[PDB]
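Form deposited in one PDB entry, single chain, as structure tokens, below.
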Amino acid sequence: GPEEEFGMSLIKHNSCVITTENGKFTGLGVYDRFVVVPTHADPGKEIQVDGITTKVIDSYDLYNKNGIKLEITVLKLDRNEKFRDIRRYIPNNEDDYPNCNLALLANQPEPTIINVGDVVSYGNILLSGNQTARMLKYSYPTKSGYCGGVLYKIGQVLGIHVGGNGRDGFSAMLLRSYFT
């Protein structure tokens, strides 16, 4: 169906594998040379993008107005390739979303789409004891290797996967104002 194809097109055109010293993560290319990754990926001066050593020109760890981490890190990459602009799919406000999917690349044998079900704007949680804001929660047993996975519905790019406890999974919310 179109929602599955939209997800496969996000993988094909707007995803990459980001390797840092903390492991491999699914990276979302937002536009131009800007890619997002979970903050806990801890990208250094150089990362790998699909195995290619790439200098990071600038890195921006995003925080809310109270100085709480959003678990979104924006990276400007020193590479020739430009990502298709997907900002128009990113919502302007916090909300709930029924029947969402996660598009996974890193740590998978091939591009994978997981149907995670209904998503709710969940507020702040503690991820390994650290307060993290603007969480999107789903009742799906997400696992190790899923981080950076892209939360989406047809025509909507909603978040990036950051954590879970074996029952629930959590994404850092993507808001359009972060990138405009």
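Only residues modelled in both forms are compared. Sequential numbering from 1, following the sequence displayed. Just so we're on the same page, rigid core means the largest C-alpha set that superposes within 1.5 Å between forms.
Heads up, the form deposited in another entry isn't pictured, but that's what we're talking about next.
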property	result
C-alpha displacement of 2 Å or more between the shown form and the other one on the rigid core, among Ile57, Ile154, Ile52, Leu126	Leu126
Core superposition between the shown form and the other one, C-alpha change of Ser139 at least 2 Å	no
Is_shifted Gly67 between the shown form and the other one (CA, 2 Å cut-off, rigid core)	yes
Outcome for the Cα pair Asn130, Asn93 in the other entry, compared with this form (closer or farther; change of 3 Å or more)	closer
Shift in CA distance, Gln131 and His161, in the other entry relative to the form shown here, given it is 3 Å or more	farther
Rigid-core superposition between the shown form and the other one, with residue runs of at least 3 whose C-alphas all shift by 2 Å or more	64-67, 125-134
